[PDB]
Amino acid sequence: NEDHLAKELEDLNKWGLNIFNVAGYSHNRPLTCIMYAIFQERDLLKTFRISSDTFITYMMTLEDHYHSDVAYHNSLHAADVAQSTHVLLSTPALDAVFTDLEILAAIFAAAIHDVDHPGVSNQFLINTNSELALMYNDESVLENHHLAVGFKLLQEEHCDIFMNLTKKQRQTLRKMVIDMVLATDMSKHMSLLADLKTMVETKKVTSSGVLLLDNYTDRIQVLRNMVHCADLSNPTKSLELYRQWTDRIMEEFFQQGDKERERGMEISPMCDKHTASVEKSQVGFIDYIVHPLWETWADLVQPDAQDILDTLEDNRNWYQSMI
(Lines of atoms letter the chains of each structure in order from A and count residues from 1; the text may use other names and numbers.)
(Lines give C-alpha, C1' and ligand atoms only; values in the text may rest on other atoms or scores of the structure.)
Protein backbone atom coordinates (compact mmCIF):
# COMPACT_ATOMS: atom_id res chain seq x y z
CA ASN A 1 0.00 0.00 0.00
CA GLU A 2 2.76 2.41 0.97
CA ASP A 3 4.60 0.79 -1.95
CA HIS A 4 1.61 1.13 -4.26
CA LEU A 5 1.19 4.77 -3.33
CA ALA A 6 4.91 5.48 -3.84
CA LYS A 7 4.60 3.86 -7.26
CA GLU A 8 1.71 6.13 -8.35
CA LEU A 9 3.69 9.10 -7.03
CA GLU A 10 6.56 8.35 -9.42
CA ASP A 11 4.26 10.20 -11.85
CA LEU A 12 3.94 13.30 -9.62
CA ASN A 13 5.57 15.57 -12.20
CA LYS A 14 3.70 14.02 -15.15
CA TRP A 15 0.46 14.88 -16.93
CA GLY A 16 -1.90 11.98 -16.26
CA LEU A 17 -0.72 10.91 -12.89
CA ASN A 18 -3.53 8.55 -11.87
CA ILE A 19 -5.13 10.53 -9.06
CA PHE A 20 -7.91 7.91 -8.80
CA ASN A 21 -5.29 5.35 -7.75
CA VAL A 22 -3.73 7.93 -5.39
CA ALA A 23 -7.08 8.34 -3.70
CA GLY A 24 -7.37 4.56 -3.33
CA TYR A 25 -3.93 4.10 -1.73
CA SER A 26 -4.13 7.12 0.58
CA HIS A 27 -7.43 6.07 2.13
CA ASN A 28 -9.33 8.62 0.10
CA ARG A 29 -7.24 11.65 1.06
CA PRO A 30 -5.95 12.52 -2.41
CA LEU A 31 -5.78 16.28 -1.81
CA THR A 32 -3.75 15.99 1.39
CA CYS A 33 -1.56 13.31 -0.19
CA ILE A 34 -0.79 15.11 -3.43
CA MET A 35 -0.35 18.53 -1.85
CA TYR A 36 2.17 17.14 0.62
CA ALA A 37 3.96 15.38 -2.22
CA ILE A 38 3.99 18.55 -4.35
CA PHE A 39 5.22 20.77 -1.55
CA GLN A 40 7.95 18.27 -0.64
CA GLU A 41 8.93 18.02 -4.32
CA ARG A 42 9.21 21.78 -4.89
CA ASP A 43 10.73 22.36 -1.41
CA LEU A 44 7.95 24.79 -0.53
CA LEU A 45 7.79 23.86 3.12
CA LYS A 46 11.48 24.67 3.43
CA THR A 47 11.34 27.79 1.28
CA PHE A 48 8.30 29.24 3.07
CA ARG A 49 9.19 27.75 6.46
CA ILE A 50 6.02 25.73 6.85
CA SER A 51 6.09 22.86 9.33
CA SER A 52 4.67 19.53 8.19
CA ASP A 53 2.34 19.68 11.23
CA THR A 54 0.88 23.01 10.13
CA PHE A 55 0.71 21.99 6.49
CA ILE A 56 -0.96 18.62 7.04
CA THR A 57 -3.38 20.21 9.56
CA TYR A 58 -4.41 22.85 7.01
CA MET A 59 -4.66 20.34 4.17
CA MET A 60 -6.71 17.87 6.23
CA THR A 61 -9.16 20.59 7.20
CA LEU A 62 -9.31 21.88 3.63
CA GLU A 63 -9.98 18.41 2.27
CA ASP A 64 -12.67 17.94 4.95
CA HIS A 65 -14.41 21.06 3.59
CA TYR A 66 -14.84 19.47 0.19
CA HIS A 67 -18.16 17.60 0.06
CA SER A 68 -17.62 13.86 -0.34
CA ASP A 69 -21.26 13.39 -1.38
CA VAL A 70 -20.89 15.56 -4.50
CA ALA A 71 -19.92 13.43 -7.46
CA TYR A 72 -17.36 15.71 -9.21
CA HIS A 73 -16.57 18.81 -7.14
CA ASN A 74 -15.01 16.89 -4.30
CA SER A 75 -11.42 16.66 -3.11
CA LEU A 76 -10.33 14.32 -5.92
CA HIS A 77 -11.03 17.11 -8.44
CA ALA A 78 -9.11 19.58 -6.31
CA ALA A 79 -6.19 17.17 -6.07
CA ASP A 80 -6.21 16.61 -9.84
CA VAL A 81 -6.29 20.34 -10.49
CA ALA A 82 -3.49 20.96 -7.98
CA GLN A 83 -1.33 18.26 -9.56
CA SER A 84 -2.06 19.54 -13.08
CA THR A 85 -1.16 23.05 -12.02
CA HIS A 86 2.07 21.66 -10.61
CA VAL A 87 2.88 20.07 -13.99
CA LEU A 88 1.99 23.18 -15.97
CA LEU A 89 4.20 25.37 -13.77
CA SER A 90 7.14 23.22 -14.91
CA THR A 91 6.47 23.66 -18.64
CA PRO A 92 9.89 24.38 -20.28
CA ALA A 93 8.77 27.55 -22.08
CA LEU A 94 8.09 28.99 -18.59
CA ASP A 95 11.39 28.03 -16.98
CA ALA A 96 12.56 30.67 -14.46
CA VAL A 97 9.64 32.95 -15.34
CA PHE A 98 7.72 32.71 -12.05
CA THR A 99 8.79 33.49 -8.53
CA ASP A 100 8.60 31.00 -5.65
CA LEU A 101 5.66 33.10 -4.39
CA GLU A 102 3.79 32.78 -7.68
CA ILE A 103 4.34 28.97 -7.68
CA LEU A 104 3.07 28.73 -4.13
CA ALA A 105 0.06 30.88 -4.97
CA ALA A 106 -0.86 28.88 -8.04
CA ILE A 107 -0.77 25.47 -6.35
CA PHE A 108 -2.58 26.80 -3.26
CA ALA A 109 -5.23 28.45 -5.47
CA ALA A 110 -5.70 25.22 -7.34
CA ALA A 111 -6.08 23.28 -4.04
CA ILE A 112 -8.77 25.60 -2.64
CA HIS A 113 -10.48 26.54 -5.90
CA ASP A 114 -13.71 24.56 -5.37
CA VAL A 115 -13.71 24.06 -1.58
CA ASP A 116 -17.17 23.76 -0.04
CA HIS A 117 -18.78 23.32 -3.46
CA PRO A 118 -22.50 22.48 -3.09
CA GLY A 119 -22.59 20.61 -6.43
CA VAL A 120 -24.80 23.09 -8.28
CA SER A 121 -23.82 25.90 -10.67
CA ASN A 122 -23.70 29.64 -10.09
CA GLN A 123 -26.82 30.01 -12.29
CA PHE A 124 -28.70 27.61 -10.04
CA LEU A 125 -27.71 29.56 -6.90
CA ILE A 126 -28.69 32.78 -8.65
CA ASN A 127 -32.00 31.41 -9.97
CA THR A 128 -32.86 30.15 -6.46
CA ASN A 129 -31.92 33.41 -4.65
CA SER A 130 -29.25 31.67 -2.59
CA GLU A 131 -27.71 33.44 0.38
CA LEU A 132 -24.38 33.23 -1.44
CA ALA A 133 -25.80 34.73 -4.64
CA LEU A 134 -27.15 37.60 -2.54
CA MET A 135 -23.87 38.03 -0.67
CA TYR A 136 -21.87 38.38 -3.91
CA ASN A 137 -24.40 40.11 -6.20
CA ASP A 138 -24.61 37.08 -8.45
CA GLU A 139 -20.96 37.73 -9.41
CA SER A 140 -18.65 34.69 -9.45
CA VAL A 141 -20.81 33.31 -6.64
CA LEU A 142 -19.15 29.98 -5.94
CA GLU A 143 -15.68 31.24 -6.71
CA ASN A 144 -16.01 34.08 -4.22
CA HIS A 145 -17.22 31.47 -1.73
CA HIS A 146 -14.33 29.06 -2.31
CA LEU A 147 -11.93 31.89 -1.66
CA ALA A 148 -13.75 32.98 1.46
CA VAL A 149 -13.64 29.42 2.88
CA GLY A 150 -10.09 28.56 1.77
CA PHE A 151 -8.72 31.73 3.37
CA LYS A 152 -10.81 31.53 6.55
CA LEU A 153 -9.42 28.08 7.31
CA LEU A 154 -5.94 29.63 7.56
CA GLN A 155 -7.10 31.24 10.80
CA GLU A 156 -7.91 27.88 12.46
CA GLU A 157 -5.53 26.52 15.10
CA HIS A 158 -2.22 25.27 13.62
CA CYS A 159 -3.44 26.01 10.07
CA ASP A 160 -1.64 29.21 8.99
CA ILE A 161 0.66 27.90 6.31
CA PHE A 162 1.62 31.51 5.36
CA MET A 163 2.71 32.68 8.81
CA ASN A 164 6.39 33.02 7.83
CA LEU A 165 5.86 34.87 4.56
CA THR A 166 6.71 38.56 4.75
CA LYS A 167 3.82 40.98 5.00
CA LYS A 168 4.15 42.03 1.34
CA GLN A 169 4.38 38.38 0.25
CA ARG A 170 1.19 37.60 2.21
CA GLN A 171 -0.59 40.56 0.61
CA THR A 172 0.65 39.68 -2.87
CA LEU A 173 -0.17 35.98 -2.58
CA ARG A 174 -3.71 36.80 -1.41
CA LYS A 175 -4.25 39.00 -4.50
CA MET A 176 -2.80 36.40 -6.85
CA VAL A 177 -4.80 33.55 -5.31
CA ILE A 178 -7.99 35.59 -5.62
CA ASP A 179 -7.16 36.26 -9.30
CA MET A 180 -6.49 32.63 -10.09
CA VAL A 181 -9.60 31.25 -8.28
CA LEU A 182 -11.81 33.90 -9.88
CA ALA A 183 -10.36 32.79 -13.25
CA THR A 184 -12.16 29.45 -12.84
CA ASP A 185 -15.50 31.32 -13.22
CA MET A 186 -16.65 30.39 -16.73
CA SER A 187 -18.09 33.92 -17.06
CA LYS A 188 -14.50 35.19 -17.31
CA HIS A 189 -13.37 32.63 -19.89
CA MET A 190 -13.82 34.71 -23.05
CA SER A 191 -11.88 37.68 -21.66
CA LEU A 192 -9.16 35.42 -20.28
CA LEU A 193 -8.77 33.78 -23.67
CA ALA A 194 -8.77 37.12 -25.53
CA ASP A 195 -5.93 38.24 -23.24
CA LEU A 196 -4.11 34.94 -23.76
CA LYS A 197 -4.47 35.43 -27.52
CA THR A 198 -2.91 38.89 -27.17
CA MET A 199 -0.11 37.39 -25.06
CA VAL A 200 0.56 35.00 -27.96
CA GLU A 201 0.23 37.60 -30.75
CA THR A 202 2.87 39.72 -29.00
CA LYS A 203 5.01 37.11 -27.24
CA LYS A 204 8.66 37.76 -26.47
CA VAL A 205 10.89 34.67 -26.40
CA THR A 206 14.60 34.18 -25.52
CA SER A 207 17.15 32.30 -27.65
CA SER A 208 16.59 29.18 -25.50
CA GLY A 209 12.84 29.32 -26.30
CA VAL A 210 11.69 30.66 -22.91
CA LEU A 211 8.86 33.21 -22.67
CA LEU A 212 9.67 36.77 -21.50
CA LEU A 213 7.11 38.07 -19.02
CA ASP A 214 8.17 41.59 -18.06
CA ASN A 215 5.29 43.17 -16.09
CA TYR A 216 3.10 41.70 -13.35
CA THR A 217 -0.05 41.95 -15.46
CA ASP A 218 1.52 39.66 -18.05
CA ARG A 219 2.54 37.13 -15.41
CA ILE A 220 -0.83 36.99 -13.63
CA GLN A 221 -2.66 36.73 -16.94
CA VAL A 222 -0.63 33.61 -17.75
CA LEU A 223 -1.14 32.25 -14.21
CA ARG A 224 -4.92 32.85 -14.41
CA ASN A 225 -5.13 31.04 -17.73
CA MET A 226 -2.86 28.30 -16.40
CA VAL A 227 -5.18 27.48 -13.48
CA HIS A 228 -8.18 27.78 -15.81
CA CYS A 229 -6.44 25.32 -18.18
CA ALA A 230 -5.78 22.92 -15.27
CA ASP A 231 -9.43 23.17 -14.17
CA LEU A 232 -10.49 22.31 -17.76
CA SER A 233 -7.80 19.65 -18.25
CA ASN A 234 -10.02 16.52 -17.93
CA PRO A 235 -10.48 16.13 -21.76
CA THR A 236 -6.74 16.40 -22.29
CA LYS A 237 -6.00 13.39 -20.12
CA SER A 238 -5.75 9.76 -21.29
CA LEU A 239 -9.14 8.47 -22.34
CA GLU A 240 -9.52 6.01 -19.41
CA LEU A 241 -9.08 8.95 -17.01
CA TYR A 242 -11.26 11.41 -18.95
CA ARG A 243 -14.10 8.88 -19.09
CA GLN A 244 -13.96 8.53 -15.33
CA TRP A 245 -14.20 12.33 -14.99
CA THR A 246 -17.12 12.44 -17.45
CA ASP A 247 -19.09 9.87 -15.47
CA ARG A 248 -18.65 12.05 -12.38
CA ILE A 249 -19.57 15.37 -13.97
CA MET A 250 -22.71 13.98 -15.61
CA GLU A 251 -23.78 12.44 -12.29
CA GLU A 252 -23.36 15.88 -10.74
CA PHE A 253 -25.22 17.49 -13.68
CA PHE A 254 -28.10 15.05 -13.40
CA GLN A 255 -28.49 15.74 -9.71
CA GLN A 256 -28.77 19.49 -10.31
CA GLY A 257 -31.33 18.83 -13.08
CA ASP A 258 -33.36 16.64 -10.74
CA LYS A 259 -33.38 19.54 -8.25
CA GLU A 260 -34.49 21.96 -10.96
CA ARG A 261 -37.31 19.63 -12.05
CA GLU A 262 -38.60 19.00 -8.52
CA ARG A 263 -38.53 22.76 -7.88
CA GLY A 264 -40.51 23.24 -11.10
CA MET A 265 -37.57 25.07 -12.69
CA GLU A 266 -36.45 24.78 -16.30
CA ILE A 267 -33.71 22.15 -16.31
CA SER A 268 -30.23 23.42 -17.21
CA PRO A 269 -28.28 22.46 -20.37
CA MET A 270 -27.02 18.85 -20.08
CA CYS A 271 -28.75 18.29 -16.69
CA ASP A 272 -31.87 16.46 -17.91
CA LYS A 273 -30.99 12.78 -17.58
CA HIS A 274 -33.93 11.82 -19.82
CA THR A 275 -32.64 13.82 -22.82
CA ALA A 276 -28.91 14.50 -22.25
CA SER A 277 -26.19 13.08 -24.46
CA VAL A 278 -22.96 12.81 -22.51
CA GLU A 279 -20.98 12.43 -25.73
CA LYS A 280 -22.61 15.37 -27.54
CA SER A 281 -22.08 17.61 -24.51
CA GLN A 282 -18.41 16.78 -24.21
CA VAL A 283 -17.78 17.42 -27.91
CA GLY A 284 -19.62 20.74 -27.82
CA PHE A 285 -17.73 21.75 -24.70
CA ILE A 286 -14.38 20.83 -26.26
CA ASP A 287 -15.22 22.61 -29.52
CA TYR A 288 -16.47 25.82 -27.97
CA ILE A 289 -14.34 26.15 -24.84
CA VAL A 290 -11.65 23.60 -24.10
CA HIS A 291 -9.97 23.33 -27.52
CA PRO A 292 -9.78 27.08 -28.22
CA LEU A 293 -8.22 27.52 -24.75
CA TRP A 294 -5.66 24.71 -24.97
CA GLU A 295 -4.73 25.51 -28.58
CA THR A 296 -3.95 29.07 -27.52
CA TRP A 297 -2.03 27.77 -24.48
CA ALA A 298 -0.15 25.40 -26.80
CA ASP A 299 0.77 28.36 -29.03
CA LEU A 300 2.06 30.27 -26.03
CA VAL A 301 4.31 27.40 -24.87
CA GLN A 302 5.00 25.68 -28.20
CA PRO A 303 5.96 22.92 -28.55
CA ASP A 304 5.55 21.91 -24.88
CA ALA A 305 1.80 21.15 -24.96
CA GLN A 306 1.89 19.19 -28.23
CA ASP A 307 0.95 15.85 -26.67
CA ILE A 308 -1.74 17.38 -24.47
CA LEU A 309 -3.45 19.02 -27.41
CA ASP A 310 -3.09 15.88 -29.53
CA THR A 311 -4.74 13.92 -26.71
CA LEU A 312 -7.54 16.52 -26.49
CA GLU A 313 -8.25 16.29 -30.21
CA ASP A 314 -8.17 12.48 -30.17
CA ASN A 315 -10.55 12.29 -27.17
CA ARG A 316 -12.85 14.75 -28.91
CA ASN A 317 -13.03 12.60 -32.01
CA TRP A 318 -13.48 9.44 -29.96
CA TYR A 319 -16.44 10.89 -28.04
CA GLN A 320 -17.89 12.28 -31.27
CA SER A 321 -17.66 8.79 -32.79
CA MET A 322 -19.67 7.50 -29.77
CA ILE A 323 -22.57 9.89 -30.31
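Here the rigid core means the biggest group of C-alpha atoms that line up within 1.5 Å when the two forms are laid on top of each other. The first residue of the sequence shown is number 1, and the count goes up from there.
Rigid core superposition in 8 other deposited structures of this protein puts the Cα atoms of one stretch, out of 187-195 and 107-115, farther from the shown form on average, and that stretch is 187-195.
In a rigid core superposition of the other structures in 8 other deposited structures of this protein, 88-96 and 126-134 differ in how far their CA atoms stray, and the farther one is 126-134. For the pair 128-136 and 221-229, the record assigns the higher mean C-alpha temperature factor to 128-136. The question of which stretch, 274-282 or 42-50, has the higher mean Cα B factor is settled in favour of 274-282. Comparing the C-alpha B-factors of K237, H86, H117, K197 in the entry, the top value falls on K197. Residue-level temperature factors show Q302 in the highest third of its chain, judged at the C-alpha atom. When the CA B factors of the chain's modelled residues are split into thirds, the value for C159 lands in the middle one. The PDB entry assigns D100 a C-alpha temperature factor belonging to the middle third of its chain's modelled residues. Sort the modelled residues of the chain by CA B factor and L211 lands in the highest third. In the PDB entry, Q244 places in the middle third of its chain by CA B-factor.
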